[PDB]
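What follows is the residue order along each chain.
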Amino acid sequence: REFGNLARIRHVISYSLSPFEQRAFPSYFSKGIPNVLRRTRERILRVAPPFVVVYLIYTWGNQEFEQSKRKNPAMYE
Amino acid sequence: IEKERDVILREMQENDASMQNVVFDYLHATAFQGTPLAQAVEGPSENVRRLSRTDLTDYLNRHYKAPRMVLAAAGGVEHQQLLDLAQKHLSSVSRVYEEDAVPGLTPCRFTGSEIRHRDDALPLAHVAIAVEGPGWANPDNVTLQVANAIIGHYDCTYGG
């Protein structure tokens, strides 16, 4: 329920430092950019194909709609 | 040396069998990390196993100099007798550093930090919280001792 009896943890040592001793943005770009491209590469092949086929269905529906409103060349006479 | 290596390993096991010394060493480690003040007095077990006689002799010839030693006597001791006994036996300990090099104490950086050794099988929890002290020669030590006397100490056997 509360802190004290949540889990049984043994032999685990945690080290932390003070926020005033350390930095808020430690290598925000030189390590942030490889991390964000790592995450994008790991989770890019599960979202991008559905979204691009949504884009294809959207543009094909718009194109077919515009050809449907276009004049039929069968009825010249 | 080998027998005392076995003895110091056994006493290390007895020391971390006790619990306030573990928190004492953990507090010094997390307080003076990166400095020679974090490392414990008894050292690590790997240093226990790899220390040899040459390093002990180097330490003895480096840190047992005369100007860093005080022969202090108290009680029924007569000062002139103590002085002539020191002159007879204890005079001329080293007097030389054999390299013209006296080691110096660099200032130790105190880092605000925390170390948490969670092991729930122990029946009681020991927590030590500290800040940086003033030093030995600082005049505020008496005032801080007054404040520590005001806060104080207690255990479960006090009858107050």
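S.K.: In this structure, what is going on with the overall build of chain A? I would like to understand it.
M.R.: Assigned secondary structure in chain A consists of 2 helices and 1 strand. Going residue by residue from the N terminus, the α and β elements of chain A occur as β-α-α. At 28 Å, chain A has a C-alpha radius of gyration far larger than the 11 Å of a compact globule built from 77 residues. In terms of overall dimensions, chain A has C-alpha extents of about 90 × 40 × 20 Å along its principal axes. When each of the 77 residues of chain A is scored for burial, the buried share is 1%. On chain A, roughly 8,100 Å² of surface is accessible, and the fraction owed to carbon and sulfur atoms is 61%. Averaging the locations of the 13 positively and 6 negatively charged side chains of chain A gives two centres separated by 13 Å.

S.K.: I keep staring at a negative patch on the surface and nothing clicks. Help me out?
M.R.: On the surface, a cluster of negative charge is contributed by B:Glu11, B:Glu14, B:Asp16 and B:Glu42. Along the chain, the position of B:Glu11 falls in helix 1 (residues 2-17).

S.K.: Could you clarify how one ought to interpret the layout of surface pockets in this entry?
M.R.: Any empty space left between the atoms is revealed when a probe the size of a water molecule rolls over them. All names here are of chain B. Of the voids in this model, the second largest pocket is the one considered here, and its volume is about 960 Å³. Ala130, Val131, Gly133, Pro134 and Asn148 are, among the 20 residues lining the second largest pocket, the residues nearest its centre. Grouping the amino acids of the lining of the second largest pocket by side-chain chemistry returns 12 nonpolar, 7 polar and 1 charged.

S.K.: How should I be thinking about the environment of B:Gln39 in this particular structure?
M.R.: Mapped onto the elements, B:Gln39 comes out in the loop between helix 2 (20-31) and helix 3 (45-50). Each C-alpha atom of the pair B:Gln39 and B:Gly135 lies 19 Å from the other, and the pair is 96 residues apart in sequence.

S.K.: Looking at this model, I keep getting lost on the interface of chain A and chain B. Mind explaining?
M.R.: Note on interface size: it is often stated as the accessible area lost on association of the parts. If you look at the interface, chain A gives 13 residues, while chain B gives 14 residues. When chain A packs against chain B, close to 1,100 Å² is buried across both sides, 47% of that on carbon and sulfur atoms. Across the contact surface, chain A and chain B share 1 salt bridge. Here B:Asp119 and A:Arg10 are joined by a salt bridge, their closest N and O atoms 2.5 Å apart. The tally of links between chain A and chain B comes to 8 residue pairs in polar contact.

Rules used throughout
Residues numbered from 1 in each chain as written, not as in the entry; some residues may be left out. Chains lettered and ligands numbered in written order. Part of a larger assembly, values for the part shown. Heavy atoms only, no water. Helix = DSSP H or I, 4+ residues; strand = E, 2+ residues; numbered from the N terminus. Rg over C-alpha atoms; globule rule 2.2 N^0.38 Å. Buried < 20%, exposed > 50% of the residue type's maximum accessible area, 1.4 Å probe, protein only. Areas by Shrake-Rupley, 256 points an atom, 1.4 Å probe, with all protein chains shown as cover. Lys, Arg positive; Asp, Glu negative; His and termini not counted. Charge placed at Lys NZ, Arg CZ, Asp CG, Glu CD. Patch = residues over 30% accessible without salt bridge, like charges linked within 9 Å, V, L, I, M, F, W, Y side chains within 5 Å. Salt bridge = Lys/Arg side-chain N within 4 Å of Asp/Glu carboxyl O. 1 Å grid on protein atoms, 1.4 Å probe; cavity = no way out; pocket = protein on both sides within 12 Å on 5 of 7 lines; lining within 4 Å. Points joined across faces, edges and corners; volume = space filled by probe spheres on them. Nonpolar A, V, L, I, M, F, W, Y, C, P; charged D, E, K, R; others polar. Contact = heavy atoms within 4.5 Å. Buried area = accessible area lost by both parts, 1.4 Å probe. Polar contact = N/O pair within 3.5 Å; in protein donor to acceptor, adjacent residues only side chain to side chain.

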